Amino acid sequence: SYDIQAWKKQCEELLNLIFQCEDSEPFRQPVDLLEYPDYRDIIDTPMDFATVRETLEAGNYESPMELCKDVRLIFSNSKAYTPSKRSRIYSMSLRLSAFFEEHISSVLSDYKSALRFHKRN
């Protein structure tokens, strides 16, 4: 497919699968500062999957690379805030990251191929 716009619905569908994963539940809404009172000492740019879906639906991503950067920030924030590599929540983040990366690969390749075809002449 050389459809330059196809990534958006493909990302909406992938976010729907991520919301069905039990492994996403900690990452769906912004971290709780009442429960994790030191969170913002450690983490400068909070990110979560509801924020990513809302940014997509607002038309405030120009490319699937920008969406991929924000999703990867969810996972780097979990790794930076974890006290241990054997954390429940960090452990869930690593499975959900593997799932995300397996599915986003074709979305990125197809978009980049479509843009190259657009500038072929």
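Numbers follow the displayed sequence, beginning with 1. Definition used throughout: the rigid core is the maximal C-alpha set that superposes within 1.5 Å between two forms.
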(Q) Between 91-99 and 36-44, which one shows the bigger average Cα displacement from this form in 8 other deposited structures of this protein once the rigid core is aligned? (A) 36-44
Q) Would 14-22 or 96-104 have the larger average of its C-alpha temperature factors, as given in the entry? A) 14-22
Q) Got a sec? Mean C-alpha B-factor, which is higher, 62-70 or 23-31? A) 23-31
Q: For residue 42, return the chain-relative third of its C-alpha B-factor as stated in the PDB record: lowest, middle or highest.
A: highest
Q: Would you check the entry's CA temperature factor for residue 77 and let me know if it's in the chain's lowest, middle or highest third?
A: lowest
(Q) Lowest, middle or highest third: which one holds residue 91 when the chain's residues are ordered by CA B-factor from the entry? (A) middle
